[PDB]
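*Asks:* Those protein sequence lines, which keep their order, are chains A and B. Mapped onto the entry's author numbering, the consecutive letters of the first sequence carry residue numbers 302 to 343, 349 to 722. Mapped onto the entry's author numbering, the consecutive letters of the second sequence carry residue numbers 304 to 344, 353 to 722. Beta carbons: idealized from backbone N, C-alpha and C, even for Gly. Before I ask anything, here is the structure I am working with.
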Amino acid sequence: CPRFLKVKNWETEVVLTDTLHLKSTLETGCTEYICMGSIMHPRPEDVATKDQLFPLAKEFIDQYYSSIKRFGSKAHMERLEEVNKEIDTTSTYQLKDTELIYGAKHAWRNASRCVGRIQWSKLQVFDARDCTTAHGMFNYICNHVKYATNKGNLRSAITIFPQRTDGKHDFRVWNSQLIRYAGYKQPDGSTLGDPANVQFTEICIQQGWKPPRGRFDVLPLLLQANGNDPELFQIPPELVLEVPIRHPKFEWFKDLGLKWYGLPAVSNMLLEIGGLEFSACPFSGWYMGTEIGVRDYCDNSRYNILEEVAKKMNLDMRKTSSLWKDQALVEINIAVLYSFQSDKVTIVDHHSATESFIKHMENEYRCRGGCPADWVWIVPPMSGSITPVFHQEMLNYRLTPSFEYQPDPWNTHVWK
Amino acid sequence: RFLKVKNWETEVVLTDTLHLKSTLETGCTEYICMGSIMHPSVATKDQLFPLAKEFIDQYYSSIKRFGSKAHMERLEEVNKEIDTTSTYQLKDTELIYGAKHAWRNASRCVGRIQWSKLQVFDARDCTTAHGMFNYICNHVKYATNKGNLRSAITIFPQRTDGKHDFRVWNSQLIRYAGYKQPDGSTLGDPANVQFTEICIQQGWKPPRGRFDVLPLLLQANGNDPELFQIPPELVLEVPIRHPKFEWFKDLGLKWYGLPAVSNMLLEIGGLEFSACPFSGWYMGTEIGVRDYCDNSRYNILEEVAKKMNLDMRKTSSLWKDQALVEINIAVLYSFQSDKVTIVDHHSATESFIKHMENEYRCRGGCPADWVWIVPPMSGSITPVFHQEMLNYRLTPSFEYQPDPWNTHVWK
Ligand code: HEM
Ligand code: HEM
Ligand SMILES: Cc1cc(N)nc2cc(-c3ccc(OCc4cscn4)c(CN)c3)ccc12
Ligand SMILES: Cc1cc(N)nc2cc(-c3ccc(OCc4cscn4)c(CN)c3)ccc12
Ligand SMILES: C[C@H](O)[C@H](O)[C@H]1CNc2nc(N)[nH]c(=O)c2N1
Ligand SMILES: C[C@H](O)[C@H](O)[C@H]1CNc2nc(N)[nH]c(=O)c2N1
Ligand SMILES: [Zn+2]
């Protein structure tokens with residue numbers, strides 16, 4: 302592979318040079334003859355063998371000691387030797403608290419699909435590796451939610467549960483986010499609530515959840531400790547900050563009865579550090595407005611509110627060349643940003659966030675030699691070309707530590 | 304082998320086998336994806360014959376006569392010609408087939424549902440820039456068609472030794488001039504500021520207006536290029552007005568109806584056609600989002616948001632997004648009111664999804680570049696945003712080539 306790769310910004314003419322791609326360690330899915338850049342995702351007995359784990363751990367420990375400007379030091383060579391002995395005798399090893407915190411921050415720094423990474427070094431890391439039971443997981447998660455929410459002044463955080471051992475004792479959060487709304491398929495085929503969560507909602511109901519059967523019912527936590535069957539827990543509702551959606555001009559917008567929760571906290575991804583696998587690592591930030599106003603609300607397979615909003619706006623909905631959909635989409639996103647700001651709950655619009663990401667990307671190129679970025683995900687779902695990322699060439703590649711996808715747990719769990 | 308693509312709204316899964324027939328590179332590797340790089344980086356009788364054989368084979372396969380008498384004869388026929396001339400000449404049927412399939416294979420084009428409806432103008436007997444100008448005037452008149460636009464391509468002589476290239480120096484046949492001002496700013500279209508100065512430097516008397524149709528700069532057989540004014544009655548233009556905002560017309564905006572890209576290279580069976588202007592009709596966002604609202608283009612967002620009396624103090628009011636939607640309503644309304652062919656990004660992307668289904672059924676796939684297919688506004692309220700796509704390189708194809716003024720040795 303070539304040592305220097307150039308990326309260009311076609312609005313500003315700025316050219317940046319990437320060398321960090323040479324450090325990439327996992328596959329994009331593309332080949333020389335096909336590009337899979339728009340593919341969304343390109349056995350539990352299997353865990354890292356001794357021989358696979360050795361080079362992965364050395365790679366991360368070297369990177370850690372190089373970051374603290376102690377590469378090649380006595381403390382470096384001694385940590386290497388102690389890690390190697392642990393893998394030799396126990397087939398695995400344990401990270402130090404310093405290495406855990408470094409690894410989590412760098413998995414975020416390395417997340418090529420995240421536009422919010424200018425914040426990567428301000429991540430509060432909660433070490434939950436002493437947790438043993440689902441009740442304990444519930445406690446850790448409640449504390450995470452309360453800390454991150456901070457009465458509306460949201461703070462990015464991650465809680466890290468024990469790593470995988472033999473694969474038959476995994477910790478898992480079965481929820482895809484800590485806070486989401488239930489979805490209910492009706493006998494007539496319609497859906498009440500969030501259609502994205504119908505499957506998970508049905509699992510909660512089978513596990514014993516009594517559903518309120520409303521439009522915005524916070525789902526329970528479904529928590530798996532040490533490979534046991536998962537257990538249900540209700541998040542204390544006073545820990546769930548929510549925002550009623552209203553519009554600064556349209557008085558009728560409030561009459562739609564829309565709200566959303568303040569804290570986006572993804573809980574189904576796997577954190578890989580030094581070849582170790584943390585299958586339960588819920589992490590949270592704050593929202594970009596379009597995540598709610600465009601995707602959650604206006605996706606056809608989600609809440610799908612464009613039609614009702616266009617109606618109340620007295621729009622011509624017969625010919626799509628009136629752009630009645632586009633006009634309602636803007637008003638919805640104006641309303642989402644106005645409601646969050648009015649209630650003093652942290653949110654960022656897509657102009658500010660993409661402008662910050664460009665400044666972040668330029669800084670990473672200068673100090674780190676690159677910034678992996680997935681254009682298909684970084685460019686916002688509305689108004690793409692009037693944000694600066696649209697015109698920014700990006701290189702995508704996979705560095706470690708990383709956040710990864712993992713199969714859904716109900717597809718893989720062995721029921722006791 | 305077999306690759307699947309899912310649409311995440313409709314759950315439709317398609318299976319791609321067509322990609323197995325690519326042999327050119329994308330630029331990505333197993334470890335680095337260059338899917339958002341705009342341009343990821353003469354033949355010989357040795358290089359030229361396998362490419363000719365591949366194309367002849369696929370043509371005769373396409374017309375259900377593989378291995379037949381006519382197939383074997385053409386193969387041997389092309390053999391002798393490459394041997395004794397270092398090149399060869401396409402049959403008319405082959406030129407037409409190759410041009411339609413270069414369009415069919417253009418992964419970045421959302422308009423390909425129309426691919427087999429293309430008027431092919433054979434200009435391979437052209438020898439001079441006056442000849443080129445004649446052929447181009449006829450192209451414009453035919454394709455414009457009093458507003459009922461018709462897709463067309465005009466194909467000039469192929470490259471020979473690289474020293475005798477036919478080139479259209481304009482990037483499009485019809486574009487507006489760009490003038491760098493004394494006070495540092497720009498009048499007209501900033502995208503063409505450089506080309507506009509090369510035309511002034513070559514003798515063009517600029518009207519120094521906002522919407523000055525550029526002259527044609529035409530290079531035949533490697534000679535210096537020559538200026539030509541397209542006769543104005545051939546140049547169809549649309550004054551932009553808004554259906555609700557009666558003040559929009561006072562902005563003094565207009566655009567031309569005919570998008571005719573003239574700076575790309577057409578490759579067919581190892582032959583290179585360096586002058587091949589091709590045209591269709593506009594998708595509204597090409598004018599209303601990119602041409603008008605790019606910072607490096609006409610950049611009218613703030614002017615429009617002014618007359619809408621929007622609070623422009625904070626970005627979170629989405630004042631830019633509101634003004635952008637209204638501009639694009641005006642463009643669609645203006646073309647439709649003047650009965651000039653135009654397609655909105657909702658209709659265009661849904662046609663593309665239907666095109667994709669067709670190509671997967673009858674062809675085993677459809678190469679598609681998500682980064683270019685998704686429109687530059689309202690992305691996820693169009694169906695292509697939620698459609699997985701596979702991008703790969705099929706030939707015949709349209710390729711990029713250097714700007715002529717970076718390579719042409721004058722005299
Ligand atoms: C602090 C403010 C943050 C903002 C504004 C933000 C913004 C975003 C957005 C808009 C996306 C696209 C998600 C989608 O469209 O569904 C995303 C993806 C992602 N973010 Fe961030 N994020 C933030 C914090 C974080 C943190 C704290 C982490 C991890 C420690 C993180 C890791 C990720 C990852 C891994 C993805 C990719 C998810 C996937 O591939 O499915 N982000 N982020
Ligand atoms: C007939 C109606 C057509 C429509 C609505 C249409 C639409 C588009 C659009 C919106 C783009 C993206 C351009 C941009 O964003 O700057 C594009 C690209 C492209 N179109 Fe089409 N197109 C049409 C016809 C054609 C024809 C007739 C040809 C050739 C015979 C063609 C070949 C291409 C190519 C090669 C590209 C990619 C250009 C590049 O890579 O820079 N298109 N088209
Ligand atoms: C920390 C943070 C802040 C913030 N503002 N947004 C975030 C969004 C994600 C995110 C969003 C969509 C996702 O999956 C979509 C999907 C998968 S398959 C069909 N659709 C996932 C993966 N589970 C994560 C993750 C973290 C975020
Ligand atoms: C036939 C047709 C119809 C239609 N409606 N639109 C079209 C748009 C293009 C098109 C759009 C962008 C392009 O390059 C952007 C660039 C390169 S370097 C800095 N920017 C080119 C290549 N010159 C062509 C080509 C054909 C079209
Ligand atoms: C098909 C396509 O890959 C898919 O819709 C992607 C496109 N880009 C995205 N970008 C973001 N930020 N989030 C998404 O869920 C998606 N979905
Ligand atoms: C950096 C990025 O590749 C570049 O801005 C591309 C993105 N997508 C595009 N898509 C279209 N249709 N046209 C374009 O010019 C571009 N520009
Ligand atoms: Zn790729």
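Measuring straight from C-alpha to C-alpha, what distance separates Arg349(A) and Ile393(A)?
*Replies:* Roughly 22 Å separates the two Cα atoms.
*Asks:* Rounded to whole angstroms, what's the CA-CA distance from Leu577(A) to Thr471(A)? Just pull it up for me.
*Replies:* The alpha-carbon atoms of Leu577(A) and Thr471(A) are separated by roughly 14 Å.
*Asks:* How would you list, in chain order, the residues of chain A whose beta-carbon sits under 9 Å from the beta-carbon of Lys617(B)?
*Replies:* Per Cβ cutoff of 9 Å: no residues; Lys617(B) is ~16 Å from chain A at best.
*Asks:* Within a Cβ cutoff of 7 Å, which residues of the same chain sit near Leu386(B), ignoring the five residues on either side of it in sequence?
*Replies:* So the list reads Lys364, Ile367, once near-sequence residues are dropped.
*Asks:* Pick from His719(B), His697(B), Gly676(B), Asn717(B): whose alpha carbon is nearest that of residue 350(B)?
*Replies:* Since the model of chain B passes from 344 to 353 in one step, residue 350(B) is not part of what is shown.
*Asks:* Provide the residue span of the beta strand (DSSP E) that contains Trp566(B), from first to last.
*Replies:* Start and end: 565-567.
*Asks:* In three-state DSSP terms, what is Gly591(A)?
*Replies:* Reduced to three states, the DSSP call for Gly591(A) is coil.
*Asks:* Using a Cβ-Cβ cut-off of less than 7 Å, give me the residues of the region 657-687 of chain B that come near chain A, in sequence order.
*Replies:* Listed by position along the chain: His657, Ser658, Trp681, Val682, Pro687.
*Asks:* Give the straight-line distance between the Cα atoms of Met575(B) and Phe646(B), rounded to the nearest whole angstrom.
*Replies:* Those two C-alpha atoms are separated by around 27 Å.
*Asks:* Does the beta carbon of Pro570(B) fall short of 8 Å from some heavy atom of ligand 4?
*Replies:* Yes - ligand 4 has a heavy atom lying nearer than 8 Å to the Cβ of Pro570(B).
*Asks:* Under 9 Å Cβ-Cβ, which residues of chain A neighbour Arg624(B)?
*Replies:* Within chain A, no residue comes near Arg624(B); the closest Cβ sits about 13 Å away, beyond 9 Å.
*Asks:* Under 8 Å, with one C-beta from each stretch per pair, do the region 674-688 of chain A and the region 436-450 of chain A reach the 3-pair mark?
*Replies:* No, the region 674-688 of chain A is not in contact with the region 436-450 of chain A.
*Asks:* So, for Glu614(B): in the same chain, excluding its five sequence neighbours on each side, which residues have a beta-carbon less than 8 Å away from its beta-carbon?
*Replies:* Cβ within range, chain order: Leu562.
*Asks:* How is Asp476(B) classed by DSSP in three states: helix, strand or coil?
*Replies:* DSSP places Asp476(B) in coil when its eight states are reduced to three.
*Asks:* Whole-angstrom Cβ separation of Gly595(B) and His656(B), contact assumed at under 8 Å?
*Replies:* With a Cβ gap of about 6 Å, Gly595(B) and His656(B) count as contacting.
*Asks:* Is it the case that the Cβ atoms of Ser607(B) and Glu312(A) are separated by a distance below 9 Å?
*Replies:* Against a cut-off of 9 Å, the Cβ pair of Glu312(A) and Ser607(B) comes out as a contact.
*Asks:* List, from N- to C-terminal side, the alpha helix (DSSP H) runs of 4 residues or more that fit wholly inside the region 473-512 of chain B.
*Replies:* The region 473-512 of chain B contains these whole alpha helix (DSSP H) runs: 504-512.
*Asks:* Assess, as a yes-or-no matter, whether the region 623-630 of chain A is touched by the region 527-547 of chain A under the definition of 3 or more beta carbon pairs within less than 8 Å.
*Replies:* No, they do not touch.
*Asks:* Between the C-alpha atoms of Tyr408(A) and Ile511(A), what's the straight-line distance to the nearest angstrom?
*Replies:* If you take the alpha carbons of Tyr408(A) and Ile511(A), they lie about 39 Å apart.
*Asks:* Any beta-carbon of chain B closer than 9 Å to the one on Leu582(A)?
*Replies:* Cβ-Cβ to chain B under 9 Å: no for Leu582(A).
*Asks:* Evaluate the contact criterion for the region 631-646 of chain B versus the region 543-552 of chain B: three or more CB pairs, one atom per stretch, below 8 Å.
*Replies:* The region 631-646 of chain B is in contact with the region 543-552 of chain B.
*Asks:* Quick one: what's got a C-beta closer than 8 Å to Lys411(B)'s C-beta in the same chain, skipping five residues either side?
*Replies:* Closer than 8 Å at the Cβ level, and outside the excluded window around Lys411(B), lie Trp426, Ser427, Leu429, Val431.
*Asks:* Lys491(A) touches chain B at which residues, Cβ-Cβ below 8 Å?
*Replies:* What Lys491(A) touches in chain B: nothing, since even the nearest Cβ is about 15 Å away.
*Asks:* Are the beta-carbon atoms of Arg461(A) and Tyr490(A) separated by less than 9 Å?
*Replies:* No, these two residues do not count as a Cβ contact at 9 Å.
*Asks:* Would you check if the distance between the CB atom of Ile664(A) and the CB atom of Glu699(B) is smaller than 9 Å?
*Replies:* No; because the gap between Cβ atoms is not below 9 Å, this pair is not in contact.
*Asks:* What are the residues of the region 586-609 of chain B that lie near chain A, defined by any Cβ-Cβ distance shorter than 9 Å?
*Replies:* Cβ contacts with chain A: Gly595, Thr596, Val600, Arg601, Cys604, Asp605, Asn606, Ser607.
*Asks:* Would you verify that the beta carbon of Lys631(A) is, or is not, closer than 9 Å to some beta carbon of chain B?
*Replies:* Yes, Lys631(A) lies at the interface with chain B (some Cβ there is under 9 Å from its Cβ).
*Asks:* Please tell me whether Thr355(A) and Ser418(A) are closer than 9 Å, where the distance is taken between their beta carbons.
*Replies:* Result no, Cβ atoms of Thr355(A) and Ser418(A) do not sit closer than 9 Å.
*Asks:* Taking 8 Å as the cut-off, is the C-beta of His450(B) nearer than that to any heavy atom in ligand 4?
*Replies:* It does not: the Cβ of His450(B) is nowhere closer than 8 Å to a heavy atom of ligand 4.
*Asks:* Is the CB of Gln400(B) under 9 Å away from at least one CB in chain A?
*Replies:* Not an interface residue.
*Asks:* Please classify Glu710(B): does DSSP put it in a helix, a strand, or coil?
*Replies:* It is a strand residue.
*Asks:* Could you tell me which residues DSSP puts in a beta bridge with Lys307(A)?
*Replies:* Note: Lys307(A) sits in a beta bridge opposite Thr318(A).
*Asks:* Sorted by chain position, which residues of the same chain lie with C-beta nearer than 6 Å to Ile579(A)'s C-beta, five sequence neighbours on each side aside?
*Replies:* Excluding positions up to five away in sequence, the list reads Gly409, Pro707.
*Asks:* Does at least one heavy atom of ligand 4 sit under 8 Å from the Cβ of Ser590(B)?
*Replies:* Yes.
*Asks:* When every heavy atom of ligand 2 is checked, does at least one fall within less than 8 Å of the C-beta of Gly409(B)?
*Replies:* Not so, every heavy atom of ligand 2 lies at least 8 Å from the Cβ.
*Asks:* Please list the terminal residues of the continuous beta strand (DSSP E) segment that includes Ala463(A).
*Replies:* That run of the beta strand (DSSP E) goes 463-466.
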